[PDB]
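Student: So that we are looking at the same thing, I have put the structure below in C-alpha cells.
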Amino acid sequence: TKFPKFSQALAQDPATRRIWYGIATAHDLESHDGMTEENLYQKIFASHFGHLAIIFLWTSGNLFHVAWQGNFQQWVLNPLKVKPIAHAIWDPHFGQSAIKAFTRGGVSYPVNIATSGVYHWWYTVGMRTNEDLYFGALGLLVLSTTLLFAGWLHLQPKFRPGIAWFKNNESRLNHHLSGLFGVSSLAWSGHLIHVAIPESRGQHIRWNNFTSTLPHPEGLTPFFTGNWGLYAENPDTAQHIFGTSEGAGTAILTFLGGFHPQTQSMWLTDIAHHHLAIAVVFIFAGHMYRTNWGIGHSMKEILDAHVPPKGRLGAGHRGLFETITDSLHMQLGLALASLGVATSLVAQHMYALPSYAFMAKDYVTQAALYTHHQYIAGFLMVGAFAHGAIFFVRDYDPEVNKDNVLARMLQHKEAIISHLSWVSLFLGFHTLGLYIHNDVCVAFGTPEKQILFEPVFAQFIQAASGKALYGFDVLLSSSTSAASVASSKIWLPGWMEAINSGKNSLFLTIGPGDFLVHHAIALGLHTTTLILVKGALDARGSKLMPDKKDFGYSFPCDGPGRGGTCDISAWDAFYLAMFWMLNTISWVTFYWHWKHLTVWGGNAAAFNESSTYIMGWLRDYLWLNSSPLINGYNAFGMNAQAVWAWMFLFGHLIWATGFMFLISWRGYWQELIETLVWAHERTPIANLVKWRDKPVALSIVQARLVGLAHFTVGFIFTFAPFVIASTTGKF
Amino acid sequence: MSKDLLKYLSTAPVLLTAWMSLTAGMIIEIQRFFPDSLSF
Amino acid sequence: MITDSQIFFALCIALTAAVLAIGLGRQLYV
Amino acid sequence: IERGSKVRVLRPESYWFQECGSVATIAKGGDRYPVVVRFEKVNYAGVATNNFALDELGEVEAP
Amino acid sequence: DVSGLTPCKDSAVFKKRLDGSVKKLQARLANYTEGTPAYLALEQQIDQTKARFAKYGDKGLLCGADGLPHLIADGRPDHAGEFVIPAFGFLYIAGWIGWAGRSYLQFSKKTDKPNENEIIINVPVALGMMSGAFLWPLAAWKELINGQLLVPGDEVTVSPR
Amino acid sequence: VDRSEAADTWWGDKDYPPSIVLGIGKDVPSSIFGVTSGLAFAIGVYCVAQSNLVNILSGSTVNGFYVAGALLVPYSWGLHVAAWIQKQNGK
Amino acid sequence: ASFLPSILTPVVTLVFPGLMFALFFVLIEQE
Amino acid sequence: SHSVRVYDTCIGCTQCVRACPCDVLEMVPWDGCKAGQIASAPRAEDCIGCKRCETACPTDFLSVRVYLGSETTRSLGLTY
Amino acid sequence: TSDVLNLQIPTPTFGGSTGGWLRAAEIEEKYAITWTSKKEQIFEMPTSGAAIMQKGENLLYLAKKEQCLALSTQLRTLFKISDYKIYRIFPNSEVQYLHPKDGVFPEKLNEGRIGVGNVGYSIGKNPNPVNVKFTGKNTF
Ligand code: CLA
Ligand code: CLA
Ligand SMILES: CC1=C(/C=C/C(C)=C/C=C/C(C)=C/C=C/C=C(C)/C=C/C=C(C)/C=C/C2=C(C)CCCC2(C)C)C(C)(C)CCC1
Ligand code: SF4
C-alpha cells in the first residue's frame with residue numbers, strides 16, 4: 001500500500017529514491033509486480049482512451065479560448081493585418097507598463113498573440129464566428145466525456161476485452177485502413193465540399209441548412225451518371241477573393257494545382273479531391289486482410305513465404321509475425337518511426353505548400369510550426385530506436401528468429417556499426433573541413449578561395465520538378481518532354497507558374513551554403529543513427545559485456561573492472577543520441593529560419609553570401625536577429641517581447657543546469673548529503689522535525705535522465721523564443 | 001647517435017612529429033609555388 | 001460574443017468530464 | 001585438444017571467441033574446463049590465459 | 001553555363017570583387033613609404049591578388065550571382081578538374097597510406113615483439129613498405145585474388161549476438 | 001487469422017514456393033496464368049498509352065475503362081510470377 | 001465573463017495544485 | 001538486495017572473497033575445480049554492489065556475477 | 001563462536017568525531033567490532049580521525065558492516081591483528097555474530113560450508129528475458 005504498490009521492491013526501498021523510481025516506473029506496465037499479458041493489454045487500452053480524451057480536451061480548450069477571449073471575428077475581416085489572439089493574460093505580477101504593452105490586437109485587455117496558426121486553420125476550414133468555435137469546443141468536450149466513460153467501461157469485468165481480440169491483427173488493420181483513414185478522409189472531403197468551399201465562396205452553410213443547400217447546382221446527378229467532369233467544370237477564377245462570391249466558381253473537385261493567388265494556399269477544391277481520392281485508395285486497401293469471410297490475406301503466411309531463393313536473406317521473414325504480434329515494443333518502435341517520418345514530412349510540406357488561407361504571409365506561425373514539427377519528428381525517431389533497443393533486450397527470441405532476416409541484423413551488426421561510423425566520420429570530417437576552409441579564406445580577406453560546391457543534383461531535381469532558372473531544361477522544365485506534355489491540362493498550367501514564381505517557398509533557390517548545410521544535416525542524421533543502431537544491436541551483449549540482456553535495458557554500469565563500463569546499458573545509447581537529435585534538428589531549424597528570414601526580407605544574397613562560412617551563421621543569423629529578442633526589456637523600458645526575452649534566458653538557465661547532472665555524478669552529492677544529514681540531525685530545534693525516507697543522492701540513471709531533461713527543455717525554450725520573437729521584430 | 005638514440009628517434013611520437021613536419025612543409029611549399037589552386 | 005450562460009454550460013460539461021476522469025483514473029489505479 | 005597446439009576458441013562469451021590460442025596444459029579429471037589456453041591478446045581485465053573445455057576448442061594447427 | 005552560373009572571366013560581380021580588393025590594398029598602402037619592406041610586400045601581395053583573379057578567370061570557373069567561383073561536381077568532363085582529378089589523386093594517396101600501414105602491420109605481427117614494434121617503428125623496413133605501397137592497386141588486387149586480404153569472418157572476434 | 005490457423009508457406013529449404021501461396025488460384029494452371037498475364041500486360045499498356053501517352057489526360061477526357069485497365073498491368077506481374085510458380089510446382 | 005479569470009485562475013493554480021501536492025505527499029507517506 | 005551468483009567456471013583462486021568488503025563471499029569445498037574450492041554467496045543481503053569481486057575475477061568472463069536489484073539500507077550503505 | 005558480547009570492554013582512546021552513527025544506529029541497527037592488541041598503539045578510524053587502541057581488549061562501535069570490515073582490513077594488514085570479531089546490535093539488544101562466522105576468515109575453505117548461489121553452467125548459458133517474460137523468476 002506504500003506508493004509503489006506495483007513494485008514491492010521500491011515499497012521496501014527506505015530512501016528517497018523510492019518516490020523517484022515509483023513515479024518513473026509508473027507507466028512501465030510490462031515489468032510491474034503480478035502483471036499478466038491480458039491485464040497489461042487492458043490497462044494499455046484504457047490509458048489510450050484517457051489519452052485521446054486529453055487530446056480532445058486540449059483541442060476544445062484552444063477552441064473555447066479563441067472563441068471567448070480571441071479576436072477571431074475581427075481577424076476574419078482583415079486577416080493580413082489583425083494579429084490573432086491566443087488567450088487573455090491573468091497575472092497579478094504585471095505592472096502598468098507591461099499592461100499597456102501586452103494590451104494589443106484590438107482588445108482592451110492584455111493578450112497573447114497566437115503563433116499556432118489555429119486562426120488560419122479554422123478560417124480555411126469554415127469557421128467565421130465565435131459561436132461556431134464555442135460549439136466545436138462543446139462538442140469536443142462531449143467527445144472527451146464519452147472517451148473517459150469508454151475508458152472506465154473497458155476495465156469492467158463483463159466489458160474487459162480479451163487477449164485474442166487484442167492480437168487480432170487482420171481485423172484491426174482492415175478497420176484502421178478502411179474506416180479510420182479511409183472513411184474519415186471521405187468525411188473530411190465531404191466537409192470541405194459542403195461547408196468550406198461554400199464558405200470560401202460566400203455561402204453560410206451550417207447544421208440548420210446544410211441539409212437543404214446543394215453543394216453543386218447539378219447535385220448528385222453527375223456522380224450517378226458518371227459525368228464527373230461536371231464537378232471540375234467552372235473552377236475558381238484567378239481573380240477570386242477568399243470569403244466572397246465575386247470571382248467564385250461552382251466546381252467542387254478540381255486538380256488545378258499551384259496556389260490560390262489571393263491567399264497563396266492550395267485550392268480547397270484540390271484538397272477536397274485529394275481527400276476523396278486518397279480515401280478511395282485506403283478503403284480499398286482496407287479489404288486486404290482475412291476477417292471472418294475467407295477472402296483476404298494471412299499476414300503470417302505472407303511473412304513465412306517471403307524468403308528469397310537459395311537462402312539469400314537466411315530464412316527470410318519467418319518468425320517476424322510471431323515476434324511483432326507478441327512484442328509490444330516492436331510495434332511501438334515501428335509506430336514511432338513511421339510517425340516521426342510523417343511529422344518530418346508535414347514539417348517539410350506545410351511550408352512549401354501552404355494549405356491555410358493567408359498563412360504564407362504569417363511568418364511567425366510558419367517558423368513556429370516548422371520548428372515544432374521537426375523537433376517532435378526527432379523525438380519520435382529517437383523513441384522508435386529506443387523501443388527497438390528495448391525489444392532487442394527484452395522481447396527478442398533467437399529460437400523463433402533462427403537464421404531470420406532480423407537475426408542477420410545482429411549477425412552483421414559489427415559491419416553495420418563500423419560502416420555507420422565510417423560515413424559519419426567522412427561526412428563530419430569533410431563538412432567541417434570545407435566550412436573551416438571557407439571561414440579562413442573569408443577571414444584572410446580573400447573570399448575567392450572559398451571551395452563552393454554547387455548542389456547540382458538538388459538543382460537538377462528542382463529543374464525536373466519545374467524550375468527554370470537553372471537552365472537544365474530536363475523533364476518538366478523542358479516543355480516538349482513526355483513528362484511535361486502528358487500532364488499539361490490537369491496541374492502543370494498552375495504548378496509551373498507556382499514553382500517559377502519567386503514569391504513562394506516552393507522549391508527555394510539553393511546554393512553552396514545549401515550544399516554544405518545539407519551535408520551537415522546528413523552528418524547529424526548518420527551519427528544519431530549510429531548511436532541509436534549501436535545501442536539497439538549491442539543491447540543484448542557486447543565483447544565487454546556478453547550478458548547484458550541479463551541486466552536488462554537501463555542499468556547504471558558493470559563497475560570499474562575491465563577498464564570501466566560507463567554508459568554501457570543501451571539506455572545510455574538513447575541518452576547520448578538525444579543530444580545528437582537535438583543537434584541535427586537545431587541545424588535543420590537554423591537553416592530553415594535563416595533562409596526563410598532572408599527570403600521573406602527580400603535579401604537572399606545574405607544567405608547565399610554569408611552561409612558558406614560559419615561566422616556568417618554566427619553573425620547574420622544569430623547575432624543580427626537576436627537584437628529584437630534581447631531588447632524585449634532594457635533599462636529604458638519594456639516591449640511585448642519581454643516575455644520572449646525572459647523565456648530565452650529561462651531556457652538558457654535550464655540548458656545550463658542540465659550540465660550539472662550531466663557532468664557531476666553521484667558520489668560527490670551522496671557524501672554532501674551525508675554532511676547535510678549530519679547537520680540536520682545534530683542541530684537543535686530542527687532535529688525534532690525528521691524525515692521518513694532517508695535522503696540520498698540521485699541514482700546514476702536518474703541523474704542522466706534529469707540532466708538530459710534540463711538539456712532538452714532548455715533547447716526548446718531558447719529556440720522557441722528566438723524563433724518567435726526575432727521573426728516578429730523583423731517583420 | 002648510438003643504437004639506443006636511433007631507437008628513440010624511431011619511437012612513435014618522434015616519428016609522427018617528423019613525418020607530419022615533412023608533410024606540412026611539403027604542403028606549404030606546394031602552396032608557395034602553386035598558390036590559390038581552387039581547381040585543377 | 002460568447003455569453004455567460006454559454007460559458008457556464010460549457011463549464012458544467014467540463015465538470016461532468018472531470019468526474020468521469022476521476023472515475024477512469026480510479027479504475028486504472030485498481 | 002593437444003598441448004602445444006593452436007586452437008580456435010568457440011565459447012560465445014569469450015573475449016577470444018573465434019580466435020586462436022596456444023594450449024599450455026590439459027588437466028586430469030576434475031576440472032570441467034581442463035584445457036588451459038594461453039593467448040597473446042589481453043582481454044579487458046588484462047589476463048592472457050583462460051581455462052576451456054575440449055568442446056569449446058577447435059584445433060587449427062597441431063604441435 | 002550550368003545552374004544559371006556564368007564564367008568568371010565574363011562576370012561583372014567578379015570584376016568588381018577584384019577591383020574592390022585592389023582598392024582596399026591600395027588604400028592601406030598609404031601608410032608606408034616607397035621602397036620600404038612593407039611597401040614591397042604589399043606590392044607583391046597585390047600582384048598575387050591580381051594573378052589569382054586572372055588565373056580563376058582563365059581556368060573556366062563558373063561564378064554565381066554572388067561573384068564567387070562555384071565548383072560543379074556532377075561528373076561532367078568540362079569541370080573534371082574541380083573534383084574528379086583531385087578525387088583520383090587523393091584516392092591514390094590515401095590508398096598508398098593505408099597499404100603502407102597494413103603491410104607494415106603484417107610484417108610486425110610476425111616479429112618476436114609485435115607490441116614493442118608497434119611503438120618503436122622499424123624504420124629501415126617502414127621506409128621500404130612506404131616505397132613499395134606506390135603500386136598498391138595491383139598489390140591489393142593480388143592479395144584479394146590470393147585470398148590473403150579479407151580474413152574469413154569465422155576467424156574474427158564477434159560479440160555474443 | 002490466428003497463429004494456429006495459417007498455412008505452412010515457408011519455402012527457404014526448397015527452390016520454388018508451394019502453390020498454396022497463390023490462395024484462390026492455387027489450382028489454375030501455369031498456361032492460364034501466363035496467357036492471362038500476357039493479355040493483361042498488353043491490354044493495360046494499351047489503356048495507359050491511350051489515356052496519358054497517345055492522348056492528354058484532362059477533366060473532360062479521363063476514361064474509366066482505361067483507368068481500370070491500367071490496374072491489369074500489376075495484375076499481369078502477379079500473374080506471370082504465378083505462372084512461373086505453377087510451372088515449377090508442376091501444374 | 002471577465003469575472004471568471006479572477007475566480008478560476010487562482011483557484012486552479014494556487015489552491016488546487018497545493019491541495020494535490022498535499023494529498024500526494026500524504027498518500028506516498030502511508031504505511 | 002542484490003543477487004550474487006557463482007558459475008562453475010570458477011578456478012578457486014580466492015580473490016573475490018579477499019576483494020569483498022562486506023563478507024558476502026566465502027570459499028566452500030567443490031569437486032569440479034582443481035583447487036577443490038568454489039566461491040559462494042551465503043550473505044547476499046549484505047551486498048552493496050561495488051563489484052570488487054567482478055573486478056578481481058580473472059576468468060575470461062566473470063565466474064562471480066552480481067545483479068543489482070531491490071535496494072535496502074544495507075545495500076545503499078547508509079549510516080543513517 | 002557465539003551470539004553474545006561483553007558490552008563492557010575498554011574502548012580505544014578517541015577524542016570524538018562527527019563521522020559516527022546519527023539517530024539511526026540506535027533505532028535500526030548498530031555494529032560493533034572487538035579485537036585484541038599486543039601494544040597500546042595508534043590507528044586510523046574508518047570515520048575520520050586517529051584513535052589509540054588500548055593494550056589487550058578493544059571494542060569499537062560503528063554504523064556500517066562496510067566500516068567494520070574496512071577497520072578489520074586495516075588491522076590485519078597494518079598491525080597483524082587477526083582475532084577481530086564483528087557483531088550487529090539491534091535496538092532490542094540482540095547481538096548477531098557476523099563476519100568470522102565459522103571462526104575462520106572466509107578466504108580459507110572449511111569442510112562444513114555448503115554452497116549458496118552456485119550455478120552449474122557457464123555464465124553465457126542463461127535463459128533469454130523473453131523466456132521469463134511475465135514470470136516471477138529472473139535470468140540467473
Ligand atoms: C487543456 C486545455 C485548456 C487549457 C490549456 C486551458 C488554459 C487556460 N484556461 Mg481553460 N478551459 C478549457 C480548457 C483549457 N484551458 C475548457 C475546455 C474550458 C471549458 C469550456 C475552459 C474554461 C476556462 C475558463 C472559463 C477560464 C479558463 C482560463 C484558463 C487560463 C487559466 C487556467 C485556468 O484556471 O483554467 C482552467 C479552468 C477551468 C474551469 C478548468 C477547465 C478544465 C479543462 C478542460 C481540463 C483539461 C485537462 C487536460 C486535457 C489534461 C490534464 C492537465 C493536467 C492535470 C496535467 C488558461 C490560459 C481562465 C482565463 O481565461 O484566464 C485568462 C478562465 O477564466 N479556462
Ligand atoms: C594503419 C592504418 C590504418 C588503416 C589501414 C585503417 C583502415 C580502416 N580504418 Mg582506420 N584507424 C587507424 C589506422 C588505420 N585505419 C588509426 C590509427 C585509428 C585511430 C585514430 C583509426 C580509427 C578508425 C576508426 C574510428 C574507424 C576507422 C575505419 C577504418 C576503415 C575505413 C577507412 C577510413 O575511413 O579510415 C579512417 C581513418 C582515420 C580515422 C584516421 C587514420 C589515421 C592515419 C592518418 C593513418 C595511420 C597510418 C599509420 C601511421 C601508418 C604506419 C606505417 C608506417 C610505419 C610504414 C578501414 C578498415 C572506420 C571503419 O570501421 O570503417 C568500416 C572507422 O569507423 N579507423
Ligand atoms: C532498431 C529496431 C527497430 C527500429 C528501427 C527504426 C527506428 C527504423 C527507422 C527507419 C526509417 C526512419 C526508415 C525510413 C525509410 C524511408 C524510405 C525507405 C524512403 C523511401 C522513399 C522512396 C522510395 C521515394 C521515392 C520517390 C517517390 C515515390 C516520389 C518522388 C520521387 C522519389 C524517388 C523520392 C524496430 C522497431 C524495427 C525493431 C527491430 C530493431
Ligand atoms: S574466478 Fe572469481 S569467484 Fe572464481 S575463484 Fe577466481 S576470483 Fe573467486
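Just so we're on the same page: first chain in the C-alpha cells is A, next is B, and so on; residues restart at 1 for each chain, and ligands are numbered from 1 in the order they show up.
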Residues contacting ligand 4 - anything with an atom at most 10 Å away, using only C-alpha atoms and all ligand atoms - can you give me those as a PyMOL selection string?

Tutor: (chain H and resi 5-19+25-27+33+35+37-41+52-65) or (chain I and resi 107)

Student: Write a file of the selected residues as a compact mmCIF listing (two decimals), in the first residue's frame, keeping N, CA, C and O atoms.

Tutor:
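So the final result, stored in part-v1.txt, reads:
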# COMPACT_ATOMS: atom_id res chain seq x y z
N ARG H 5 25.80 -14.45 -7.77
CA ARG H 5 25.82 -15.81 -8.30
C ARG H 5 27.25 -16.18 -8.67
O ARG H 5 28.07 -15.31 -9.00
N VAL H 6 27.55 -17.47 -8.58
CA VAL H 6 28.85 -18.02 -8.93
C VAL H 6 28.64 -19.17 -9.90
O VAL H 6 27.85 -20.08 -9.62
N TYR H 7 29.33 -19.13 -11.02
CA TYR H 7 29.22 -20.13 -12.07
C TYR H 7 30.40 -21.09 -12.00
O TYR H 7 31.44 -20.80 -11.40
N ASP H 8 30.23 -22.26 -12.62
CA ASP H 8 31.19 -23.35 -12.47
C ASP H 8 32.48 -23.13 -13.26
O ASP H 8 33.33 -24.03 -13.28
N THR H 9 32.67 -21.97 -13.90
CA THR H 9 33.95 -21.64 -14.49
C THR H 9 34.97 -21.19 -13.44
O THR H 9 36.13 -20.94 -13.77
N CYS H 10 34.55 -21.12 -12.17
CA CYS H 10 35.44 -20.89 -11.05
C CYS H 10 36.67 -21.79 -11.09
O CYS H 10 36.57 -22.99 -11.32
N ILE H 11 37.83 -21.18 -10.84
CA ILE H 11 39.10 -21.88 -10.69
C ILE H 11 39.59 -21.87 -9.25
O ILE H 11 40.71 -22.31 -8.98
N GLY H 12 38.78 -21.38 -8.31
CA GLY H 12 39.15 -21.42 -6.91
C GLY H 12 40.38 -20.62 -6.56
O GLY H 12 41.16 -21.05 -5.70
N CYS H 13 40.58 -19.47 -7.19
CA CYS H 13 41.74 -18.64 -6.91
C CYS H 13 41.54 -17.70 -5.72
O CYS H 13 42.49 -17.01 -5.35
N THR H 14 40.34 -17.69 -5.13
CA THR H 14 40.00 -16.96 -3.89
C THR H 14 40.55 -15.53 -3.88
O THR H 14 41.34 -15.14 -3.02
N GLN H 15 40.08 -14.74 -4.85
CA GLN H 15 40.34 -13.30 -4.92
C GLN H 15 39.09 -12.46 -4.77
O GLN H 15 39.17 -11.34 -4.24
N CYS H 16 37.93 -12.95 -5.20
CA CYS H 16 36.68 -12.24 -4.95
C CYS H 16 36.43 -12.11 -3.45
O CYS H 16 35.98 -11.06 -2.98
N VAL H 17 36.72 -13.17 -2.70
CA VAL H 17 36.49 -13.15 -1.26
C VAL H 17 37.38 -12.12 -0.59
O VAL H 17 36.97 -11.43 0.35
N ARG H 18 38.62 -11.99 -1.06
CA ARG H 18 39.54 -11.02 -0.47
C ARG H 18 39.16 -9.60 -0.87
O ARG H 18 39.28 -8.66 -0.08
N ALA H 19 38.69 -9.42 -2.11
CA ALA H 19 38.20 -8.12 -2.54
C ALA H 19 36.90 -7.73 -1.84
O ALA H 19 36.57 -6.54 -1.80
N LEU H 25 31.08 -13.17 0.40
CA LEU H 25 31.56 -14.33 -0.33
C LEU H 25 32.46 -15.19 0.56
O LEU H 25 33.10 -14.69 1.49
N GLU H 26 32.50 -16.48 0.24
CA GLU H 26 33.22 -17.45 1.06
C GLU H 26 33.49 -18.70 0.23
O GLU H 26 32.65 -19.13 -0.58
N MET H 27 34.67 -19.28 0.42
CA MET H 27 35.08 -20.48 -0.29
C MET H 27 34.48 -21.71 0.39
O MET H 27 34.54 -21.83 1.61
N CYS H 33 36.50 -28.02 -9.44
CA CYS H 33 37.75 -27.28 -9.64
C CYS H 33 38.95 -28.10 -9.19
O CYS H 33 38.86 -28.94 -8.30
N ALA H 35 41.57 -26.82 -7.63
CA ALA H 35 41.88 -26.39 -6.27
C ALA H 35 40.91 -26.95 -5.24
O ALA H 35 41.22 -26.89 -4.04
N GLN H 37 37.82 -25.91 -4.43
CA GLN H 37 37.02 -24.91 -3.75
C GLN H 37 36.30 -24.05 -4.77
O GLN H 37 36.75 -23.88 -5.91
N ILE H 38 35.15 -23.50 -4.35
CA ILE H 38 34.34 -22.62 -5.18
C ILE H 38 33.80 -21.50 -4.31
O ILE H 38 33.47 -21.70 -3.14
N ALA H 39 33.73 -20.30 -4.89
CA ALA H 39 33.15 -19.17 -4.20
C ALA H 39 31.64 -19.35 -4.08
O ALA H 39 30.98 -19.92 -4.95
N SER H 40 31.08 -18.84 -2.98
CA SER H 40 29.65 -18.91 -2.75
C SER H 40 29.24 -17.69 -1.93
O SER H 40 30.06 -17.11 -1.20
N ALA H 41 27.96 -17.32 -2.04
CA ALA H 41 27.43 -16.07 -1.51
C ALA H 41 26.29 -16.38 -0.55
O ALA H 41 25.11 -16.21 -0.90
N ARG H 52 33.67 -5.26 -6.61
CA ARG H 52 35.10 -5.56 -6.49
C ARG H 52 35.37 -7.03 -6.77
O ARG H 52 36.45 -7.37 -7.27
N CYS H 53 34.42 -7.91 -6.46
CA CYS H 53 34.53 -9.31 -6.86
C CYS H 53 34.66 -9.43 -8.37
O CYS H 53 35.52 -10.15 -8.88
N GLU H 54 33.79 -8.72 -9.10
CA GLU H 54 33.83 -8.76 -10.55
C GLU H 54 35.14 -8.19 -11.07
O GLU H 54 35.70 -8.70 -12.05
N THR H 55 35.64 -7.12 -10.44
CA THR H 55 36.92 -6.56 -10.86
C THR H 55 38.06 -7.55 -10.64
O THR H 55 38.95 -7.68 -11.49
N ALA H 56 38.04 -8.26 -9.51
CA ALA H 56 39.14 -9.15 -9.16
C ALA H 56 39.04 -10.52 -9.83
O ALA H 56 40.02 -11.28 -9.79
N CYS H 57 37.91 -10.85 -10.42
CA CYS H 57 37.76 -12.15 -11.07
C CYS H 57 38.67 -12.24 -12.30
O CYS H 57 38.55 -11.38 -13.19
N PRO H 58 39.56 -13.23 -12.41
CA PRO H 58 40.45 -13.29 -13.58
C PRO H 58 39.94 -14.14 -14.74
O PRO H 58 40.64 -14.23 -15.75
N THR H 59 38.77 -14.77 -14.61
CA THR H 59 38.23 -15.57 -15.69
C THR H 59 37.97 -14.69 -16.92
O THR H 59 37.81 -13.47 -16.81
N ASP H 60 37.98 -15.32 -18.10
CA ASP H 60 37.74 -14.58 -19.34
C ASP H 60 36.42 -13.83 -19.28
O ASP H 60 36.32 -12.70 -19.78
N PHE H 61 35.40 -14.44 -18.69
CA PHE H 61 34.26 -13.68 -18.20
C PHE H 61 33.88 -14.19 -16.82
O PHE H 61 34.18 -15.32 -16.44
N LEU H 62 33.18 -13.32 -16.09
CA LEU H 62 33.18 -13.38 -14.64
C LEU H 62 32.48 -14.64 -14.13
O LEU H 62 31.30 -14.87 -14.42
N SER H 63 33.22 -15.45 -13.38
CA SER H 63 32.60 -16.56 -12.66
C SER H 63 31.67 -16.04 -11.58
O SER H 63 30.56 -16.56 -11.40
N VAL H 64 32.10 -15.02 -10.83
CA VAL H 64 31.26 -14.35 -9.84
C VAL H 64 30.59 -13.17 -10.53
O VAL H 64 31.27 -12.35 -11.18
N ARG H 65 29.27 -13.08 -10.41
CA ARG H 65 28.50 -12.08 -11.13
C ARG H 65 27.37 -11.58 -10.23
O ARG H 65 26.68 -12.37 -9.58
N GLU I 107 38.14 -16.48 3.30
CA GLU I 107 39.01 -16.82 2.18
C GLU I 107 39.63 -18.21 2.29
O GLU I 107 40.14 -18.73 1.29

Student: Excluding residue 26 of chain I and any residue of its chain fewer than 6 positions from it, enumerate the residues within 12 Å of it, using only C-alpha atoms, and give them as a PyMOL selection string.

Tutor: (chain H and resi 79-80) or (chain I and resi 20+61-63+88-93)

Student: Using Å and a single decimal, report how far atom CA of residue 407 of chain A sits from atom CA of residue 56 of chain D.

Tutor: 23.0 Å

Student: With a distance cut-off of 10 Å and only C-alpha atoms, select the neighbouring residues of segment 80-92 of chain E, excluding the residue or stretch itself and same-chain residues fewer than 3 positions from it, and output the selection as a PyMOL selection string.

Tutor: (chain A and resi 451+453) or (chain B and resi 38-40) or (chain E and resi 59+61+70-77+95-97+134-137)

Student: Quick one: write out the picked residues with C-alpha atoms as a PDB file, in the first residue's frame?

Tutor:
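This is the output file selection04.pdb:
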ATOM      1  CA  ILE A 451      35.519  25.988 -52.045  1.00  0.00           C
ATOM      2  CA  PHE A 453      30.229  23.213 -54.463  1.00  0.00           C
TER       3      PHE A 453
ATOM      4  CA  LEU B  38      40.868  26.175 -56.248  1.00  0.00           C
ATOM      5  CA  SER B  39      40.810  23.894 -59.319  1.00  0.00           C
ATOM      6  CA  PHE B  40      42.921  21.572 -61.437  1.00  0.00           C
TER       7      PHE B  40
ATOM      8  CA  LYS E  59      40.672  28.386 -65.701  1.00  0.00           C
ATOM      9  CA  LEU E  61      35.466  28.530 -63.252  1.00  0.00           C
ATOM     10  CA  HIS E  70      31.171  27.746 -57.825  1.00  0.00           C
ATOM     11  CA  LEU E  71      32.560  24.247 -58.371  1.00  0.00           C
ATOM     12  CA  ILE E  72      30.354  21.935 -60.436  1.00  0.00           C
ATOM     13  CA  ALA E  73      30.623  18.407 -59.012  1.00  0.00           C
ATOM     14  CA  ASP E  74      28.286  16.367 -61.218  1.00  0.00           C
ATOM     15  CA  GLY E  75      30.768  14.314 -63.284  1.00  0.00           C
ATOM     16  CA  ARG E  76      30.712  16.385 -66.475  1.00  0.00           C
ATOM     17  CA  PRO E  77      34.215  16.318 -68.031  1.00  0.00           C
ATOM     18  CA  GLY E  95      45.472   4.042 -50.725  1.00  0.00           C
ATOM     19  CA  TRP E  96      49.250   4.441 -50.571  1.00  0.00           C
ATOM     20  CA  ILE E  97      48.966   5.419 -46.897  1.00  0.00           C
ATOM     21  CA  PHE E 134      53.234   3.021 -54.575  1.00  0.00           C
ATOM     22  CA  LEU E 135      51.817   0.048 -56.533  1.00  0.00           C
ATOM     23  CA  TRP E 136      49.059  -0.689 -54.020  1.00  0.00           C
ATOM     24  CA  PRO E 137      46.157  -1.155 -56.529  1.00  0.00           C
TER      25      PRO E 137
END

Student: At a cut-off of 7 Å, list the chain B residues touching chain E, using only C-alpha atoms, as a ChimeraX atom specification.

Tutor: /B:7,10-12,36,39-40

Student: Within 8 Å of chain A, which residues of chain F show up? Give each one with its shortest atom-to-atom distance in Å (one decimal) and the two atoms involved, counting only C-alpha atoms, rows by chain then rising residue number, as a Markdown table.

Tutor:
| residue | atom | partner | partner_atom | distance |
| --- | --- | --- | --- | --- |
| F:1 | CA | A:298 | CA | 6.2 |
| F:2 | CA | A:168 | CA | 7.2 |
| F:3 | CA | A:300 | CA | 7.3 |
| F:6 | CA | A:301 | CA | 6.1 |
| F:7 | CA | A:301 | CA | 6.1 |
| F:8 | CA | A:301 | CA | 7.0 |
| F:9 | CA | A:305 | CA | 4.8 |
| F:10 | CA | A:305 | CA | 4.4 |
| F:11 | CA | A:305 | CA | 6.1 |
| F:12 | CA | A:315 | CA | 5.6 |
| F:13 | CA | A:311 | CA | 7.6 |
| F:14 | CA | A:309 | CA | 7.9 |
| F:15 | CA | A:309 | CA | 6.3 |
| F:16 | CA | A:309 | CA | 7.5 |
| F:17 | CA | A:305 | CA | 7.2 |
| F:21 | CA | A:305 | CA | 7.3 |
| F:52 | CA | A:486 | CA | 5.6 |
| F:53 | CA | A:486 | CA | 6.2 |
| F:55 | CA | A:486 | CA | 7.7 |
| F:56 | CA | A:486 | CA | 5.3 |
| F:57 | CA | A:486 | CA | 6.8 |
| F:58 | CA | A:489 | CA | 5.4 |
| F:59 | CA | A:229 | CA | 5.2 |
| F:60 | CA | A:229 | CA | 5.4 |

Student: Rounded to one decimal place, report the atom 34 (O, counted along the ligand's line) of ligand 1-atom CA of residue 5 of chain G distance in Å.

Tutor: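 Atom CA of residue 5 of chain G lies 7.1 Å from atom 34 (O, counted along the ligand's line) of ligand 1.
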
Student: Just the number, please: distance in Å from atom CA of residue 417 of chain A to atom 62 (C, counted along the ligand's line) of ligand 2, one decimal.

Tutor: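 Between atom CA of residue 417 of chain A and atom 62 (C, counted along the ligand's line) of ligand 2 the gap works out to 8.0 Å.
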
Student: Enumerate the residues of chain B with a DSSP assignment of helix (DSSP H, G or I), computed from the backbone, and present them as a PyMOL selection string.

Tutor: chain B and resi 3-10+12-33
